[PDB]
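Quick note: numbers below take in every heavy atom, side chains included, and nothing from hydrogens, waters or symmetry partners. Atoms within a ligand are numbered from 1 in the order they appear, just like the ligands themselves. Proteins come first, then strands; the chains are lettered A, B, ... in the order of their sequence lines, and each starts at number 1.
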Protein chains: 12
Amino acid sequence: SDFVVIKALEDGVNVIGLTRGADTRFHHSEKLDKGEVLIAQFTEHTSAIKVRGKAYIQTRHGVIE
Amino acid sequence: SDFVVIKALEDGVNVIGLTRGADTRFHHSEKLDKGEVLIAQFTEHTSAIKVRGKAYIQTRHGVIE
Amino acid sequence: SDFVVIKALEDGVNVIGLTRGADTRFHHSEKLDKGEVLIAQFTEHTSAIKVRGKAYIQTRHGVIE
Amino acid sequence: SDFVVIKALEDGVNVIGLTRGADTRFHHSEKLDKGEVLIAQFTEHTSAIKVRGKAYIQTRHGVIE
Amino acid sequence: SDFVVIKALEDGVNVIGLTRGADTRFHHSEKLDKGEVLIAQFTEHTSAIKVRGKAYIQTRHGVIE
Amino acid sequence: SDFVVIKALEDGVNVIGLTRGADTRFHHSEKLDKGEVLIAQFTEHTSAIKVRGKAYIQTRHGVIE
Amino acid sequence: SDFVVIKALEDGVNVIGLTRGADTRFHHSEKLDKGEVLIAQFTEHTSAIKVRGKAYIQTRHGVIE
Amino acid sequence: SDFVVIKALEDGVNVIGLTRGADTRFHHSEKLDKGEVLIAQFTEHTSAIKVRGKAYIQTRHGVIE
Amino acid sequence: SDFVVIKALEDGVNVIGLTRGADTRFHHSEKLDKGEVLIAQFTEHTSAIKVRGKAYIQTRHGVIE
Amino acid sequence: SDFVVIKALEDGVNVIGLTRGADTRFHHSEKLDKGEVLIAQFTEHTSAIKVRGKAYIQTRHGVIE
Amino acid sequence: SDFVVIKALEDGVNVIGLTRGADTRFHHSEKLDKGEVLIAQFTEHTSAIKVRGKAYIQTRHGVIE
Amino acid sequence: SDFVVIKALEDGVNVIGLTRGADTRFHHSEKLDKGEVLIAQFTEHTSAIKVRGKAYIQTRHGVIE
Ligand SMILES: N[C@@H](Cc1c[nH]c2ccccc12)C(=O)O
Ligand SMILES: N[C@@H](Cc1c[nH]c2ccccc12)C(=O)O
Ligand SMILES: N[C@@H](Cc1c[nH]c2ccccc12)C(=O)O
Ligand SMILES: N[C@@H](Cc1c[nH]c2ccccc12)C(=O)O
Ligand SMILES: N[C@@H](Cc1c[nH]c2ccccc12)C(=O)O
Ligand SMILES: N[C@@H](Cc1c[nH]c2ccccc12)C(=O)O
Ligand SMILES: N[C@@H](Cc1c[nH]c2ccccc12)C(=O)O
Ligand SMILES: N[C@@H](Cc1c[nH]c2ccccc12)C(=O)O
Ligand SMILES: N[C@@H](Cc1c[nH]c2ccccc12)C(=O)O
Ligand SMILES: N[C@@H](Cc1c[nH]c2ccccc12)C(=O)O
Ligand SMILES: N[C@@H](Cc1c[nH]c2ccccc12)C(=O)O
Ligand SMILES: N[C@@H](Cc1c[nH]c2ccccc12)C(=O)O
């Protein structure tokens, strides 16, 4: 499965997993402080990922700066 | 499954998931504030995605803005 | 499955799904207003997609405008 | 399955599906007026596609102008 | 399955499908007027395609004219 | 399955299918007149193809003339 | 399965595995001192990886520093 | 299955199929006169191909001139 | 399965295999003298590899030193 | 299965097939005259090929002469 | 399965196979004298390979000199 | 399966097959005299290949000499 790389560029960045299925809700919010990184897959339970806060992101489709 | 990357360039960008199957209706609306990102897959339940609001988008076919 | 990216360049763009199978009818018309984007897969129920109105389109085979 | 992209360059363009199987006949004719686009797959029921009228076409093998 | 793109450069171009199997005979003749295009697959029933008339052809191996 | 493209450069070109199996015989001879094109697969019944006469040939391994 | 390469650029770097499944908790924290490298897969039990501390990271999508 | 392209550059070229299996013998010799082409697969019954006489050959590994 | 190449640049480089599964602990420590190389796979039993000591490392994602 | 192309540059080039399995012995010797070519697969019965005599050889790894 | 190429650059080079499984031990040491080459796969029984002594090594990830 | 190409550059080159399995012994030594070529697969019975004597070797990972 595909994954995304998220580096926080400030404190309090939020990486949020949305549930896979007919129901869509937030199931987890991971806090990243400045400089911390989360490398997160799409999975059986996560089919969309939301990022709140200033972050540098890499995916297969390129960079978000 | 393929995914799309949506960066909101204004508050209130709406990412709308349309139901897979014989019938087509929206099943989820996810709102993004300016600078927020949604990385969203096509899934068993979502076979089309509509984006309303000023956004920067990446897919396998490149950039749409 | 393949997907197409359609950005409306004017109000009232229509993205129309044609039924997969022996019969061919329109099963859904998605109206896009100017600047809205639809990212739509080919699916069990949709084997052809018609676009009416001024639009910018990306597929695996390139850009249409 | 492969698909083709057809943009009408004049009114009254006709995209015609030919039946898959031992029998070959037209099963559907889709009319495109100037500037309209059809993105159409090969399918269980369609193994050849005929285009009548002035059109710009993209397939995996390139462009017809 | 592979497909071929045939653009007629004169009226009456004939695209001829030859039967798959131990026996070989034509099972279908599709005529194209000048400027018309046929996009045709190899299939369960068609294992060779003959083109008669002045035409521009694309296949996986490139252009034949 | 692989296919070959044969364009006759003179009248009376012969494209001959050889039988797949322990035995090898000619099962079909397709006559091409000048400018005609045959696009022919390897198949359950054809494992070698012989061409007699002046022709332009494309395969996956390049051009023969 | 995909893997990530993490080189600690200071003492006390923490590479944290998050549990695969409906629930998300930290199941392991691997402490890296300066110059140590961890090469870690995504696995049945780990579907997201968090990195705290100054580190140089390689994944399939590029370098993070 | 792989195939080879053989063009005779003189009369009396011989393309010979060797039997697949524990037994190795010639099962077929196809005569090519100057300019004639044989496009021949490896098959259930042919696991080596011998060419006698002046010929131009293409395979996946390049050209023999 | 992927593998990593580790060249020790000093005596006593430690290549440490971490257990695949719900639990994480080291199951093997392999020491390398200066100039020695270990080429090590990810496996049923090893889902993360830790390297301690000055080393030159190659993986699919490039060089880490 | 892979194949090799062997062009003899002298009379009496010997292409020798070695048996697949626990035991290794030659099971077939095919002789080539100057200019003759053998295109030979690896097979159920042949897992190594020895060439004796001056020859030009192509394989997936390039040219050996 | 992947393989590695090891050329000894001095006498007494040691290529050592480590056992696949929960248990890790040396199961074989192959001695290479100057200029000798071992081409060795990863296998059911070998999931890590250790090289002692001055050697030139090629793997899919590049060269160790 | 992968294969290697070995050209002897002197008389008495030895290409030695090592047994696949828990045990490792030499099961075959193929002597090559100067200029002879052996093209040898990895197989059910051979999981490592040793070369003694001056030789030119090609594998998927490049050339050894
Ligand atoms: N529960 C939704 C989540 C989702 C994925 N992609 C989306 C795009 C738009 C809206 C919601 C989604 C699903 O699995 O389909
Ligand atoms: N329910 C439709 C949604 C859809 C996907 N692609 C489309 C293209 C056009 C219109 C609707 C659609 C389907 O699954 O097929
Ligand atoms: N119902 C048709 C729709 C279609 C797909 N491709 C086409 C091309 C031409 C005409 C119709 C079509 C089918 O599934 O086959
Ligand atoms: N019914 C035919 C349609 C067709 C496909 N490709 C063709 C080429 C030539 C003529 C007819 C065809 C088939 O499925 O085989
Ligand atoms: N009936 C033949 C048609 C054919 C395909 N390729 C050919 C090449 C030569 C002659 C005939 C053919 C077959 O299926 O095999
Ligand atoms: N009947 C033969 C035809 C053939 C294919 N490739 C060949 C090469 C040489 C001679 C004959 C052949 C076969 O199926 O194997
Ligand atoms: N338990 C979650 C962990 C996870 C993976 N990717 C994520 C993205 C965001 C939040 C949590 C996650 C899962 O397996 O799905
Ligand atoms: N009957 C042999 C033919 C063959 C293929 N490749 C070869 C190489 C050398 C000698 C004989 C062969 C086989 O199937 O294995
Ligand atoms: N036992 C863990 C080991 C592991 C792999 N990748 C990791 C990343 C972070 C922490 C631990 C790990 C697992 O198999 O999942
Ligand atoms: N009978 C041996 C032949 C062989 C293949 N590759 C080799 C390399 C070295 C020595 C012998 C071989 C086998 O099938 O395994
Ligand atoms: N027995 C171990 C050997 C091993 C492979 N890769 C490793 C990395 C580090 C330590 C040991 C290993 C295993 O199969 O998993
Ligand atoms: N019998 C061993 C042979 C072997 C393969 N690769 C090796 C590397 C090192 C030592 C021995 C080997 C095996 O099949 O695994």
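- Salt-bridge formation is detected for the pair B:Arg60/B:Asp2: a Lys NZ or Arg NE/NH1/NH2 atom is positioned less than 4.0 Å from an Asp or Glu carboxylate oxygen.
- Using a cut-off of 4.0 Å between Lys/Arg side-chain N and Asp/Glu carboxylate O, F:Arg52 and H:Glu36 are scored as salt-bridged.
- In D:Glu10, the CD atom is crowded: over 12 heavy atoms of neighbouring residues, nucleotides or ligands sit closer than 6.0 Å.
- The protein heavy-atom contact nearest to atom 2 (C) of ligand 6 is F:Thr24 OG1, 3.2 Å.
- In terms of N/O distances under 3.5 Å, ligand 6 is not approached by F:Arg20.
- Residue F:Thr19 approaches ligand 6 through these ligand atoms, each under 4.0 Å from one of its heavy atoms: 1 (N), 2 (C), 3 (C), 14 (O).
- A side-chain donor-acceptor contact under 3.5 Å links E:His27 and E:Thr46.
- Not one N or O of D:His28 is nearer than 3.5 Å to an N or O of ligand 3, by distance alone.
- Classification of H:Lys50 and J:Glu30 as a salt-bridged pair holds, one side-chain N sitting under 4.0 Å from a carboxylate O.
- Nearest to atom 12 (C) of ligand 6 among the protein's heavy atoms is H:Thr46 OG1, 4.0 Å.
- Between D:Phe42 and E:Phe3, the ring-plane angle classifies as tilted under the 30° and 60° cut-offs.
- Summary of contacts: the protein heavy atom closest to atom 15 (O) of ligand 2 is C:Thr43 OG1, 2.6 Å.
- The protein atom (non-hydrogen) at minimum distance from atom 6 (N) of ligand 6 is H:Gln41 O, 2.8 Å.
- Comment: H:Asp23 engages H:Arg25 in a salt bridge, judged by a side-chain N to carboxylate O separation of less than 4.0 angstrom.
- Under a 4.0 Å criterion applied to the non-hydrogen atoms of D:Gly17, ligand 3 contributes the atoms 9 (C), 10 (C).
- Counting heavy atoms closer than 4.0 Å to ligand 3, residue D:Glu44 contributes nothing at all.
- The side-chain heavy atoms of C:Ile6 and C:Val37, taken from C-beta on, include no pair separated by under 4.5 Å.
- The ligand atoms of ligand 3 that sit less than 4.0 angstrom from a heavy atom of C:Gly21 are 1 (N), 2 (C), 13 (C), 14 (O), 15 (O).
- Close approach of ligand 6 to F:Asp23 is summarised as follows: ligand atoms under 4.0 Å from at least one heavy atom of the residue are 1 (N).
- Residues D:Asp33 and D:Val13 fail the side-chain proximity criterion, which asks for heavy atoms closer than 4.5 Å.
- In this structure, D:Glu30 falls outside the shell of residues with a heavy atom less than 4.0 angstrom from ligand 3.
- Residue-ligand proximity, F:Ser47 to ligand 6, at heavy-atom distances under 4.0 Å covers atoms 2 (C), 3 (C), 4 (C), 5 (C), 13 (C), 14 (O).
- Look at C:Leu18 and you'll find every heavy atom at least 4.0 Å from all atoms of ligand 3.
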